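Structure, as structure tokens:
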2 protein chains.
Amino acid sequence: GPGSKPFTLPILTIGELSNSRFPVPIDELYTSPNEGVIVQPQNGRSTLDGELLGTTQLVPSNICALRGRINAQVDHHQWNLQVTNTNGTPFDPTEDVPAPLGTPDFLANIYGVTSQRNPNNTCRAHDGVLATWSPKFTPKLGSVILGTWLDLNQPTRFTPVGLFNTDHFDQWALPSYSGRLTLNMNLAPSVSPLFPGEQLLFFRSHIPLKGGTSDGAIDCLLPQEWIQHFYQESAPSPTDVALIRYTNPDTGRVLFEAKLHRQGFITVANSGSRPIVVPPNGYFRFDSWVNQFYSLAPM
Amino acid sequence: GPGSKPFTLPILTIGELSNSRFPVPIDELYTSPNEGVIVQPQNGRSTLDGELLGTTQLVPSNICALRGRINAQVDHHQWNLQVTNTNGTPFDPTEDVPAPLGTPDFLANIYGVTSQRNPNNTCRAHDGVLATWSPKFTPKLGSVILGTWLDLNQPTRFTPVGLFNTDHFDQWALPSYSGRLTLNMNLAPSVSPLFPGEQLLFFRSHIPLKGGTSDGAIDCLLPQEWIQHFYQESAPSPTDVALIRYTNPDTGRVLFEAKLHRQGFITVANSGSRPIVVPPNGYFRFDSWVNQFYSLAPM
């Protein structure tokens, strides 16, 4: 067709979406005022024309994963991992990113498995914890600590599974990527509704918790598939806001409408903290470009 | 443009691809004659015009995952899981699929984590083994056995991590989805090169192994992203074979060419079992439609 490539959403139902901040499926849509909180995730960040931001990368299984080599042993239950990029290349701290792509963007004791394969194909794997709140969590400097309950200088991967416990768990608190005394850099910006009566719309997952009491909520601004889609398409954004409507393809009915902002987040006309139920066959549909002053029908 | 949607590949480097048969990144390209083996994976199967086959579904984190409820305990280290679909809907055994979508398609002791969340948000998770070779591995009948080292009638998920050990491990041996005495049904067909001098080209990952000696090779016919891409695009296939060339975008050089078949697999002109090294910035490029008798340049 003529002119600029048209903007599109992938056609995916809620059961066909992945969380972009933790490697699990989306469970539900959620809206909240998030009173008192700065919402600034670094994974799951992209503009509508496909510019990845923060620590966002494309591979779902690399989300919250770490890769590298163990150079030493701390505390015999702790190991020093010299981080590389999730794709194998060494990590250059001078790169204009907050941390290696896919690095966890929240404070937690992350339950996972540390595994190695030696050149002679002898292997080991042990479950353990990655403490992203720890003073020794310094991925931007090129190292983190892995805990276990391992061979030195062998190819190593940490596969995240969930939360070990609820201690230190704050999904909206960023890690100190270079350690506690150092500023984070090259961050994706914080996000907020800019129009009165509006709240953020999240794609929510409830991640596994080894022990304790929590809904384990991880909220992402965009599902991983949307990010992958925008990256491929790279469709220009004529205005700052795309108008999207959640549509039931069978009936043709529109359940609600939302603002998809150019910087990569969604707002809806709603109030309070609540899950938003959608039909299993329904999906978001891009209808037209509008501006920041468009007035959404209340949900 | 005019006429039928044009066929395209997503532009993704090898470091930007996911395995469609196990939830891990692609490590390398691999080719092999696979002498003596029937190559019939059920995950990672799609036609070029986006028809998913076998047990293939879209969500990467649902690959080799299971979901359901535990109604009883066998052997107190064994639990009976009544499987649902990975998206939470109940599984109907009369559906025209070999098993619930995302069910593992190979024989192994799969190391993973079983987790639950109760309505009061009290949670537990324990690592364990899913034995896909077991007589009690009957997902098509609606049940499997989960091993641990758990609450009854609570929402349960098995998150795969890797191989517990190398026993029974055969990546090309399909499970008996309804148990040992029953035929598998609705299978994606076996695949083979149909032109002399040609071999299958695989997207290979080396998955974690808790203990033992193995390269842990899992070979998929198409990366998960290609499957997701074809599903969205649904571009018609004018002929049975698409001609693709691995191209270095910087230089413009073509390293090698391959046949991308309509049924969703790749062949190359090569011999023997060997890894195929590609430049980090390179990617497959669709150049034109050809037929089954096209003669590929030797690699």
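By order of appearance in the structure tokens: chains A, B, ..., then residues from 1 within every chain, and ligands from 1 in the order shown.
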Report the closest atom pair, with its distance in Å rounded to one decimal, for each residue of chain B that has an atom no farther than 6 Å from chain A; count only C-alpha atoms, sort by chain and then rising residue number, and write it as a tab-separated table.
residue	atom	partner	partner_atom	distance
B:1	CA	A:1	CA	5.4
B:15	CA	A:87	CA	5.3
B:16	CA	A:59	CA	5.8
B:24	CA	A:61	CA	5.4
B:59	CA	A:16	CA	5.8
B:61	CA	A:24	CA	5.3
B:87	CA	A:15	CA	5.3
B:115	CA	A:208	CA	6.0
B:121	CA	A:214	CA	5.4
B:122	CA	A:213	CA	4.5
B:123	CA	A:211	CA	5.6
B:124	CA	A:210	CA	4.7
B:125	CA	A:210	CA	4.3
B:208	CA	A:115	CA	5.9
B:209	CA	A:123	CA	5.7
B:210	CA	A:125	CA	4.2
B:211	CA	A:124	CA	4.9
B:212	CA	A:123	CA	5.8
B:213	CA	A:122	CA	4.5
B:214	CA	A:121	CA	5.4
B:215	CA	A:121	CA	5.5
Can you tell me which residues surround residue 46 of chain A at a distance of at most 7 Å, considering only C-alpha atoms, apart from same-chain residues fewer than 2 positions away, and format the answer as a PDB file with C-alpha atoms, in the first residue's frame?
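This went into out28.pdb:
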ATOM      1  CA  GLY A  44       9.082  -5.286  28.460  1.00  0.00           C
ATOM      2  CA  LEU A  48       5.282   1.418  19.020  1.00  0.00           C
ATOM      3  CA  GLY A  50       9.902  -0.968  17.493  1.00  0.00           C
ATOM      4  CA  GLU A  51      12.685   0.738  19.453  1.00  0.00           C
ATOM      5  CA  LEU A  52      13.576  -1.522  22.385  1.00  0.00           C
ATOM      6  CA  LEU A  53      14.293   0.309  25.647  1.00  0.00           C
ATOM      7  CA  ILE A 227       7.330  -6.147  21.576  1.00  0.00           C
ATOM      8  CA  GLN A 263       6.269   5.127  24.413  1.00  0.00           C
ATOM      9  CA  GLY A 264       4.803   1.652  24.960  1.00  0.00           C
TER      10      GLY A 264
END
Residues within 8 Å of residue 169 of chain B, please, as a list in words. Count only C-alpha atoms; anything in the same chain fewer than 6 positions from it doesn't count.
residues 106, 107, 108 and 109 of chain B
Dump C-alpha atoms for the selected residues as a PDB file, in the first residue's frame?
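After the write, part.pdb holds the following:
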ATOM      1  CA  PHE B 106      10.220 -36.716  23.491  1.00  0.00           C
ATOM      2  CA  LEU B 107      11.172 -39.478  25.922  1.00  0.00           C
ATOM      3  CA  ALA B 108      13.055 -38.258  28.999  1.00  0.00           C
ATOM      4  CA  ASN B 109      13.210 -37.716  32.722  1.00  0.00           C
TER       5      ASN B 109
END
So which bits of segment 32-202 of chain B end up helix (DSSP H, G or I) when you DSSP the backbone, as a short mmCIF file (atom, residue, chain, number, x, y, z; two decimals) with N, CA and C atoms, in the first residue's frame?
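Saved result, result-v1.cif, follows:
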data_model
loop_
_atom_site.label_atom_id
_atom_site.label_comp_id
_atom_site.auth_asym_id
_atom_site.auth_seq_id
_atom_site.Cartn_x
_atom_site.Cartn_y
_atom_site.Cartn_z
N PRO B 60 5.84 -19.46 24.20
CA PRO B 60 7.12 -20.15 24.43
C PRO B 60 7.22 -20.77 25.83
N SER B 61 6.73 -20.07 26.86
CA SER B 61 6.83 -20.60 28.22
C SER B 61 5.86 -21.76 28.48
N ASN B 62 4.97 -22.05 27.53
CA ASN B 62 4.09 -23.21 27.67
C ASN B 62 4.65 -24.46 27.00
N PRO B 139 -1.16 -38.01 28.96
CA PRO B 139 -1.79 -36.69 28.85
C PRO B 139 -3.03 -36.68 27.96
N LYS B 140 -3.03 -37.48 26.90
CA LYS B 140 -4.17 -37.55 26.00
C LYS B 140 -5.41 -38.10 26.72
N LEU B 141 -5.18 -38.93 27.73
CA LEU B 141 -6.28 -39.45 28.54
C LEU B 141 -6.62 -38.47 29.66
#
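The list of residues with at least one atom within 6 Å of residue 64 of chain B, based on only C-alpha atoms and without residues fewer than 5 positions apart in the same chain, reads residues 102, 103 and 104 of chain B.
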Nearby residues (only C-alpha atoms) at most 10 Å from residue 288 of chain A, same-chain spacing under 5 positions excluded, as number ranges by chain:
A: 7, 241-245
Neighbour list for residue 137 of chain A as a PyMOL selection string, cut-off 9 Å, only C-alpha atoms, skip fewer than 2 positions in-chain:
chain A and resi 130-135+139-140+143-145+175-180
Quick one: write out the picked residues with C-alpha atoms as a PDB file, in the first residue's frame?
ATOM      1  CA  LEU A 130      19.442 -15.061  42.744  1.00  0.00           C
ATOM      2  CA  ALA A 131      19.154 -12.134  45.158  1.00  0.00           C
ATOM      3  CA  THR A 132      18.655  -9.021  43.027  1.00  0.00           C
ATOM      4  CA  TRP A 133      18.570  -6.812  46.139  1.00  0.00           C
ATOM      5  CA  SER A 134      21.998  -7.996  47.280  1.00  0.00           C
ATOM      6  CA  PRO A 135      24.971  -5.588  47.486  1.00  0.00           C
ATOM      7  CA  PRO A 139      25.370  -7.035  36.550  1.00  0.00           C
ATOM      8  CA  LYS A 140      26.235  -3.649  35.010  1.00  0.00           C
ATOM      9  CA  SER A 143      29.158  -9.814  38.102  1.00  0.00           C
ATOM     10  CA  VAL A 144      26.420 -11.250  40.325  1.00  0.00           C
ATOM     11  CA  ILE A 145      26.169 -13.844  43.085  1.00  0.00           C
ATOM     12  CA  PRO A 175      17.788  -3.292  41.325  1.00  0.00           C
ATOM     13  CA  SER A 176      20.948  -1.252  41.711  1.00  0.00           C
ATOM     14  CA  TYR A 177      22.593  -2.658  38.591  1.00  0.00           C
ATOM     15  CA  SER A 178      26.046  -1.326  39.529  1.00  0.00           C
ATOM     16  CA  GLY A 179      25.614  -1.786  43.272  1.00  0.00           C
ATOM     17  CA  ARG A 180      23.963   0.264  46.009  1.00  0.00           C
TER      18      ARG A 180
END
Polymer residues at most 12 Å from residue 262 of chain B, only C-alpha atoms, same-chain spacing of 3 or more positions, as an MDAnalysis selection string
chainID B and resid 7 45:51 191 222 230 235:243 259 265:267 289:292
Residues of segment 26-97 of chain B in strand (DSSP E or B) according to DSSP, as a PDB file with N, CA, C and O atoms, in the first residue's frame?
ATOM      1  N   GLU B  28      22.728 -23.178  18.171  1.00  0.00           N
ATOM      2  CA  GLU B  28      23.414 -23.306  16.889  1.00  0.00           C
ATOM      3  C   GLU B  28      22.529 -23.943  15.828  1.00  0.00           C
ATOM      4  O   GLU B  28      21.481 -24.506  16.138  1.00  0.00           O
ATOM      5  N   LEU B  29      22.954 -23.841  14.572  1.00  0.00           N
ATOM      6  CA  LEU B  29      22.346 -24.617  13.498  1.00  0.00           C
ATOM      7  C   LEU B  29      23.070 -25.951  13.421  1.00  0.00           C
ATOM      8  O   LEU B  29      24.263 -26.033  13.716  1.00  0.00           O
ATOM      9  N   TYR B  30      22.344 -26.998  13.045  1.00  0.00           N
ATOM     10  CA  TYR B  30      22.913 -28.336  13.004  1.00  0.00           C
ATOM     11  C   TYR B  30      22.338 -29.111  11.827  1.00  0.00           C
ATOM     12  O   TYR B  30      21.158 -28.971  11.511  1.00  0.00           O
ATOM     13  N   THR B  31      23.164 -29.924  11.174  1.00  0.00           N
ATOM     14  CA  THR B  31      22.656 -30.813  10.132  1.00  0.00           C
ATOM     15  C   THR B  31      23.105 -32.246  10.387  1.00  0.00           C
ATOM     16  O   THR B  31      24.175 -32.487  10.952  1.00  0.00           O
ATOM     17  N   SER B  32      22.268 -33.198   9.984  1.00  0.00           N
ATOM     18  CA  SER B  32      22.540 -34.609  10.227  1.00  0.00           C
ATOM     19  C   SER B  32      21.722 -35.489   9.289  1.00  0.00           C
ATOM     20  O   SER B  32      20.606 -35.133   8.922  1.00  0.00           O
ATOM     21  N   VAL B  39      12.130 -38.906  12.223  1.00  0.00           N
ATOM     22  CA  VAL B  39      12.072 -37.548  12.744  1.00  0.00           C
ATOM     23  C   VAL B  39      10.630 -37.055  12.678  1.00  0.00           C
ATOM     24  O   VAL B  39      10.147 -36.661  11.616  1.00  0.00           O
ATOM     25  N   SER B  46       4.521 -26.339  11.997  1.00  0.00           N
ATOM     26  CA  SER B  46       3.591 -25.433  11.338  1.00  0.00           C
ATOM     27  C   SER B  46       3.854 -25.422   9.841  1.00  0.00           C
ATOM     28  O   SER B  46       4.995 -25.562   9.407  1.00  0.00           O
ATOM     29  N   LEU B  52      -0.874 -24.521  12.430  1.00  0.00           N
ATOM     30  CA  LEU B  52      -0.160 -25.246  13.476  1.00  0.00           C
ATOM     31  C   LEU B  52      -0.518 -26.727  13.425  1.00  0.00           C
ATOM     32  O   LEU B  52      -1.673 -27.082  13.181  1.00  0.00           O
ATOM     33  N   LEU B  66       3.126 -28.299  31.842  1.00  0.00           N
ATOM     34  CA  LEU B  66       1.845 -28.935  32.096  1.00  0.00           C
ATOM     35  C   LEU B  66       1.095 -28.150  33.157  1.00  0.00           C
ATOM     36  O   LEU B  66       1.700 -27.509  34.017  1.00  0.00           O
ATOM     37  N   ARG B  67      -0.228 -28.205  33.090  1.00  0.00           N
ATOM     38  CA  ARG B  67      -1.074 -27.474  34.015  1.00  0.00           C
ATOM     39  C   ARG B  67      -2.247 -28.363  34.409  1.00  0.00           C
ATOM     40  O   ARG B  67      -2.667 -29.213  33.630  1.00  0.00           O
ATOM     41  N   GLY B  68      -2.761 -28.184  35.622  1.00  0.00           N
ATOM     42  CA  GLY B  68      -3.899 -28.966  36.069  1.00  0.00           C
ATOM     43  C   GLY B  68      -4.074 -28.967  37.573  1.00  0.00           C
ATOM     44  O   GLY B  68      -3.683 -28.018  38.254  1.00  0.00           O
ATOM     45  N   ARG B  69      -4.673 -30.038  38.087  1.00  0.00           N
ATOM     46  CA  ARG B  69      -4.864 -30.211  39.522  1.00  0.00           C
ATOM     47  C   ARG B  69      -4.456 -31.604  39.987  1.00  0.00           C
ATOM     48  O   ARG B  69      -4.679 -32.595  39.286  1.00  0.00           O
ATOM     49  N   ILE B  70      -3.858 -31.666  41.175  1.00  0.00           N
ATOM     50  CA  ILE B  70      -3.516 -32.936  41.801  1.00  0.00           C
ATOM     51  C   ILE B  70      -4.683 -33.437  42.639  1.00  0.00           C
ATOM     52  O   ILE B  70      -5.064 -32.800  43.619  1.00  0.00           O
ATOM     53  N   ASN B  71      -5.265 -34.561  42.242  1.00  0.00           N
ATOM     54  CA  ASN B  71      -6.374 -35.132  42.995  1.00  0.00           C
ATOM     55  C   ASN B  71      -5.920 -36.190  44.006  1.00  0.00           C
ATOM     56  O   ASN B  71      -6.619 -36.450  44.984  1.00  0.00           O
ATOM     57  N   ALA B  72      -4.753 -36.792  43.781  1.00  0.00           N
ATOM     58  CA  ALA B  72      -4.276 -37.837  44.685  1.00  0.00           C
ATOM     59  C   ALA B  72      -2.774 -38.095  44.588  1.00  0.00           C
ATOM     60  O   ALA B  72      -2.098 -37.622  43.672  1.00  0.00           O
ATOM     61  N   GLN B  73      -2.274 -38.857  45.556  1.00  0.00           N
ATOM     62  CA  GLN B  73      -0.878 -39.266  45.618  1.00  0.00           C
ATOM     63  C   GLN B  73      -0.778 -40.784  45.505  1.00  0.00           C
ATOM     64  O   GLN B  73      -1.486 -41.506  46.208  1.00  0.00           O
ATOM     65  N   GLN B  78       5.231 -39.483  44.398  1.00  0.00           N
ATOM     66  CA  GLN B  78       4.536 -39.401  43.119  1.00  0.00           C
ATOM     67  C   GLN B  78       3.145 -38.799  43.286  1.00  0.00           C
ATOM     68  O   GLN B  78       2.420 -39.137  44.225  1.00  0.00           O
ATOM     69  N   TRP B  79       2.774 -37.914  42.368  1.00  0.00           N
ATOM     70  CA  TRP B  79       1.483 -37.245  42.442  1.00  0.00           C
ATOM     71  C   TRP B  79       0.759 -37.328  41.109  1.00  0.00           C
ATOM     72  O   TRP B  79       1.372 -37.166  40.054  1.00  0.00           O
ATOM     73  N   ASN B  80      -0.537 -37.541  41.153  1.00  0.00           N
ATOM     74  CA  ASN B  80      -1.311 -37.645  39.949  1.00  0.00           C
ATOM     75  C   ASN B  80      -1.877 -36.322  39.529  1.00  0.00           C
ATOM     76  O   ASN B  80      -2.652 -35.766  40.226  1.00  0.00           O
ATOM     77  N   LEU B  81      -1.489 -35.840  38.364  1.00  0.00           N
ATOM     78  CA  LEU B  81      -1.962 -34.554  37.867  1.00  0.00           C
ATOM     79  C   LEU B  81      -3.039 -34.723  36.804  1.00  0.00           C
ATOM     80  O   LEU B  81      -2.801 -35.340  35.769  1.00  0.00           O
ATOM     81  N   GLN B  82      -4.222 -34.170  37.058  1.00  0.00           N
ATOM     82  CA  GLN B  82      -5.279 -34.162  36.055  1.00  0.00           C
ATOM     83  C   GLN B  82      -5.093 -32.932  35.192  1.00  0.00           C
ATOM     84  O   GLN B  82      -5.375 -31.815  35.623  1.00  0.00           O
ATOM     85  N   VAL B  83      -4.608 -33.142  33.975  1.00  0.00           N
ATOM     86  CA  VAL B  83      -4.146 -32.039  33.144  1.00  0.00           C
ATOM     87  C   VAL B  83      -5.283 -31.219  32.557  1.00  0.00           C
ATOM     88  O   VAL B  83      -6.351 -31.734  32.236  1.00  0.00           O
ATOM     89  N   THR B  84      -5.048 -29.919  32.463  1.00  0.00           N
ATOM     90  CA  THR B  84      -5.921 -29.032  31.721  1.00  0.00           C
ATOM     91  C   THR B  84      -5.089 -28.503  30.564  1.00  0.00           C
ATOM     92  O   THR B  84      -3.915 -28.856  30.435  1.00  0.00           O
ATOM     93  N   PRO B  90     -10.201 -26.655  30.394  1.00  0.00           N
ATOM     94  CA  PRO B  90     -10.074 -28.102  30.600  1.00  0.00           C
ATOM     95  C   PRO B  90      -9.744 -28.828  29.299  1.00  0.00           C
ATOM     96  O   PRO B  90     -10.138 -28.366  28.226  1.00  0.00           O
TER      97      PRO B  90
END
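Note that the spacing between atom CA of residue 221 of chain A and atom CA of residue 203 of chain A amounts to 6.4 Å.
Considering the residues A:95, A:75, A:170, A:198 and counting only C-alpha atoms, residue 110 of chain A has its shortest atom-to-atom contact with A:170.
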